[PDB]
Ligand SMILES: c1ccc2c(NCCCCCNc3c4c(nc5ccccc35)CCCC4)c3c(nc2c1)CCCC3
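Single chain ahead, written as structure tokens, the form solved without the named molecule.
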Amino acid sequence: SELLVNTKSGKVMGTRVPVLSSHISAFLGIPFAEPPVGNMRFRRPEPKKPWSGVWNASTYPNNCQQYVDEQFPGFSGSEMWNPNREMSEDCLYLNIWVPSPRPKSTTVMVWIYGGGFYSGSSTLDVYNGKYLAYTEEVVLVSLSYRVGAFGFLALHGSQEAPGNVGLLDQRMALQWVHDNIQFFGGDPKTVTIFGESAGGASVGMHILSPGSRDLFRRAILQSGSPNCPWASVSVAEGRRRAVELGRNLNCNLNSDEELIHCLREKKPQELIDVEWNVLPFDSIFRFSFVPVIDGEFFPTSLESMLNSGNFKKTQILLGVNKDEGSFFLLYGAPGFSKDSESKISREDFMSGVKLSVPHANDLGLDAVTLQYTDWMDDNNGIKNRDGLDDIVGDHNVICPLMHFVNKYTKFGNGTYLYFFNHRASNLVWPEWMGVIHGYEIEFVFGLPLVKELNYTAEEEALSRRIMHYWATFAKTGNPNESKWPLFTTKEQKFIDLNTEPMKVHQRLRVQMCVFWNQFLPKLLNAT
């Protein structure tokens, strides 16, 4: 009955939320997995036992335990990303914004949030799909998943805490969407999973994982790709970090079971407090507990898969933002400050390069510095600042994405690549950070539409263009209904996603990414 929907899991009483000039069905907080609390901490998610009686889906679910970000208290730019509901381990709940009148079967769009796998909320304001579902007649469901140790602690040997558990949560979220989205008016065979940062990497880790390939149709990866430095760790590394976290919380590391038992006893916060104490190297854009390459979720090294074309062949719309690294420097690189032009000195530029490329040996750092240094002005504060904004940007998000796009394109059924180079006129972050990683979302989610958030009309336009590109793609598999070029390994066309007339370019940051994806690693292996 419009708001009340019956599903295989049970009847769910949604709510009618106002959107733009109208209203929309919104089913918030539908469980999709049994609360991963208790002795299930780290353990894979069990499906949600069918409930009875309408499940009140009118209020946003809790947010998984995650590292809040107090780096700029009350500062929107940072707070807008912090869990905005009571954190709880009992957070595995999905949200569904369904057009009104409820479609009979329309495109479904599942959103997987970002936050380098250590943070993330499906309830964030910029993730409110009410405008996307409405403006684009699409059924948008944003899932949630265990982030941090809680969902990614990878003591490989054990089953009590195998890795990628939080990656499984997404699969469970996707499975439920597959089985019940029809009851919401969603076409289960036209489910496009989109995500940014870690989400754009998770989405991609589903295109690879055999287990997930069937639970969705297409994929939109924003500022992310599974093959990212920060997005994965070997089973061993994850084990290491698992015992290290254990060490930090002072656990009996004599065995996976004793360790796990110990960890299962620590309050959520005990883990979140010391969870950064386990990175193996002083760095930037690196997170502790991140998807482990287990051989179960991921059959082999994402590169071996990407190489052998061992992945779901479909059409993917992926892209990156002009300034991917700015946010990570400003937070973990010296010399950058929210309130200053952050004109990084040379002595600090090299401190930047150390943090950006934590694996690089001296020669590595040397090669990186050689590529990013002006040499005809090797002291320019600005040049050094922007240089790092690229070392971190290219190295962490652009280059691995250009790899995945290229390796995937030689097998997938179409690739559409964009380059979002637009600093939201109403941004609150420093102008130097430029087009920040994670700031295209508010556009993808049609925020410019709401006048209260006051974006220039020109941006509302961009928003609608972006949302249509997304929606039209989720439906047809092509962003087009001028023409957004297909990405082909031969020509490598991609487009700028800004308020200016959508221009076409070729070979995103090619000179750099060749060094990043071809030379640097080759150097590092030799030296």
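Residue numbers here begin at 1 and follow the sequence given.
Omitted from view is the form solved in complex with the named molecule, to which the following refers.
Undergrad: Please pick, from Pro268, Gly438, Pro299, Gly211, the one residue with any non-hydrogen atom lying within 4.5 angstroms of the named molecule in the entry with it bound.
TA: It is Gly438 that has a heavy atom within 4.5 Å of the partner.
Undergrad: Select from the listed residues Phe336, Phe285, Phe150, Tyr134 the one whose heavy atoms reach within 4.5 Å of the named molecule in the entry with it bound.
TA: It is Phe285 that has a heavy atom within 4.5 Å of the partner.
Undergrad: With a cut-off of 4.5 Å between heavy atoms, is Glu196 one of the residues that contacts the named molecule in the entry with it bound?
TA: Result yes; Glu196 sits at the interface with the named molecule in the entry with it bound.
Undergrad: Determine whether any heavy atom of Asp69 comes within 4.5 Å of a heavy atom of the named molecule in the entry with it bound, and answer yes or no.
TA: Although the named molecule is absent here, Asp69 would touch it in the entry with it bound, with heavy atoms inside 4.5 Å.
Undergrad: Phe184 versus the named molecule, in the entry with it bound: is there a non-hydrogen atom within 4.5 Å?
TA: Residue-level check for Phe184: no, no contact with the named molecule.
Undergrad: Would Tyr408 sit within 4.5 Å of the named molecule in the entry with it bound, counting heavy atoms only?
TA: Close contact is absent here: in the entry with it bound, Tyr408 is far from the named molecule, nothing within 4.5 Å, heavy atoms only.
Undergrad: From the candidate stretches 202-210, 167-175, 303-311, 77-85, select the single one in contact with the named molecule in the entry with it bound, where contact means a heavy atom within 4.5 Å.
TA: Heavy atoms within 4.5 Å of the named molecule in the entry with it bound occur in 77-85.
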